[PDB]
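Coming up is one lone chain in C-alpha cells, specifically the form deposited in one PDB entry.
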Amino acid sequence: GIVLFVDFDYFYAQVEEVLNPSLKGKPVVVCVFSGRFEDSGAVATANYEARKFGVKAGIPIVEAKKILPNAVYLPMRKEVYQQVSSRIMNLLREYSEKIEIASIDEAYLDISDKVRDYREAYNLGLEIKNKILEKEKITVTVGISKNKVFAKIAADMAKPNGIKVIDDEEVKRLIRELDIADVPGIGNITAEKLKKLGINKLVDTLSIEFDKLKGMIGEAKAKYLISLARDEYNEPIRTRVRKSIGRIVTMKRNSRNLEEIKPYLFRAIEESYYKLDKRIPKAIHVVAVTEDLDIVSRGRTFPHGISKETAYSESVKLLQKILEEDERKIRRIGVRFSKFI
C-alpha cells in the first residue's frame, strides 16, 4: 500500500506569476478586498519572497502594506485559479484513477498498482512534477508514504518545490521525532492542550491513559492520535463528495437593520444557489459574523428540497431570529446549504 500526495506551491500567487512572469522574483501578495475602506480585507496567500518578511494568509491587507509597501498586491481571481486546478487534477487522474481531490490545491493518489516499490514511486513523483511544470508551468511538492496522513506530512517537510519519500520502515522513525503540532488535524488549540500533559512528540500519546487524552481533546481525535502512533491508521482514498455549499459576504458597515442587510443576504443566496448546480438541499443556514468577529447561525431542515423562492423567504426569517436572539451588530452575512437529495 503506497499513497502519493500533491500540494501546489504558493498556488494563487504562483498562478499569477505564470500569467505575468515579470512578477517572478519579487514579492507578490494576493488579496481578498472587502470594500469596507481603502484596502480593507485579508491576504489569501503570498509567494515565498513576500513570506520571508511576515506576509501570510489571514493577516489584514494593510498590515502587509506596512511591511512591504512596494510588494505587488493583486485581487484574488478564484475562477482562474479553479480552471488551473482542474486542468492539473485531470492531469493527475491519468497517473491513477483512484484519486481523492482534497482541496483547490491538493489531491491524494493511490499508486499501489502503478509502482513495484518506493524507489519507483519517487521516480513517478519526479515525472508527475515535471509534466505539471511542462503543461501548467506550476511547481508542486510531492509526498509519498504508506498512507494519506504520512504522505501529507512528507509533503510538508519538503515544501516548496520538493519531494520526500517516507517508506514503511522509515515511518516508525518519523513517529518518534515528529512534533505533535506538525500532525495534520492538530492546530494551535489542540497542540497547546496537549503540552499541558507532556505530549510534545507524536509518540508520547502511547504513554498516557486513554481517558486523560479523551478528556482533554475528545474521543474522535484521541482515537486518531493513538492509532497514528501505533501505525494502525490506514484510511482509504475516496472520491470527494460535497456535503455543503455556501457563500458569505462582508457588509460595507455594521448593522442590525434588516433592509440594510438584505441586499447582501440575497447576493449570497443567488451566488450559492448557482454554485449548487442542480443539487437540491433540504437544509439552509444563515451565518452571521458579529462586530466583534464571533459567529452565530440559525437554520432549518425541511423534509423536502428547498426552492430558490423558499430560500429567499426562510433566510429572512432566520436572519430575523439572529437579530432577536443576539444583540450585537452584524459585520458579515451568508448562507449555507446542506443535506442534498
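Numbers for residues come from their place in the sequence shown, where the first is 1.
Of 189-197 and 139-147, which one has the bigger average CA B-factor?
According to the entry, 189-197 carries the higher average C-alpha B-factor.
Should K164 be placed in the lowest, middle or highest third of its chain by the C-alpha B factor in the entry?
Answer is lowest: the recorded C-alpha B-factor places it there.
Looking at the temperature factor on the CA atom of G218, which third of the chain's modelled residues does it land in?
CA B-factor rank for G218: highest third.
Classify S34 as lowest, middle or highest third according to the C-alpha B-factor given in the PDB entry, relative to its own chain.
It falls in the middle third of the chain.
B-factor third for the C-alpha atom of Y122 within its chain:
Answer is lowest: the recorded C-alpha B-factor places it there.
Which third, lowest, middle or highest, does the C-alpha temperature factor of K172 belong to within its own chain?
Tercile = highest for this residue's CA B-factor.
Omitted here: the form deposited in another entry. The next part is about that form.
Considering the two rigid parts that describe the motion between this form and the one not shown, does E271 sit in the same part as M251?
Looking at the motion between this form and the one not shown, one finds that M251 and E271 are grouped in the same rigid part.
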